[PDB]
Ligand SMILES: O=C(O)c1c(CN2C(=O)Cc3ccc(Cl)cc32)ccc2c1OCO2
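Here you get one chain, nothing else, as structure tokens; it is the form deposited without the named molecule.
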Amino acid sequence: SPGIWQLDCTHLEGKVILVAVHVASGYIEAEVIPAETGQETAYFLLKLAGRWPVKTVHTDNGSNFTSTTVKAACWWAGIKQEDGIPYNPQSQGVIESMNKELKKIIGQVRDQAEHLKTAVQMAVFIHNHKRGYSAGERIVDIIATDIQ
């Protein structure tokens, strides 16, 4: 499980927030995009895989799972693309709860940022630093233990 990530797309202010969650740690990366297209998802995955050792991605929906551009990016970056079907039904609740939590943080900082994208990055920061360990600490520890 150190290489497993889950995609998650949520909506706010008529805009789209694309999230990748490292399942074992709760660590996230996120971006605001005008709309969830295969192209945007593919580009997001290329960025992610250059930054962390992404082995497997559970895609957020069937359109992205089918997308030729997403498939191309997964091929390029050496990522195994899988479905995101919650065979364990606690999987959707966890993601649902994270989206609510992220939106709450966005509301708390929204005043400090002119643009939503900035607020989202503040939320990523707060989420990954929140402490017992933080998600940032957990992902580093998990990956370091795997490398050895």
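Residue numbers run from 1 along the displayed sequence.
In this entry, no coordinate-free residues of the deposited sequence separate residue 11 from residue 12. Just going by the entry, 39-47 versus 95-103 on mean CA temperature factor gives the higher value to 95-103. Comparing 80-88 with 110-118, the higher mean C-alpha B-factor in the PDB entry belongs to 80-88. Ranking 34, 62, 53, 26 by Cα temperature factor from the entry places 34 first. Remark: residue 4 belongs to the middle third of its chain, ranked by C-alpha B-factor as recorded.
Per the deposited record, the Cα B-factor of residue 22 falls in the lowest third when ranked against the other modelled residues of its chain.
Below: the form solved in complex with the named molecule, not depicted.
In this form the binding site remains open, since the named molecule, overlaid from its pose in the bound PDB entry, puts no atom within 2.4 angstroms of a backbone or C-beta atom.
Heavy atoms of residue 86 never reach within 4.5 Å of the named molecule in the bound PDB entry, leaving it off the interface. Taking the partner from elsewhere, residue 82 is found to have every heavy atom lying beyond 4.5 Å of the named molecule in the bound PDB entry. Of the residues in 63-99, those that come within 4.5 Å of the named molecule in the bound PDB entry through at least one heavy atom are, in sequence order, 94, 95, 97, 98.
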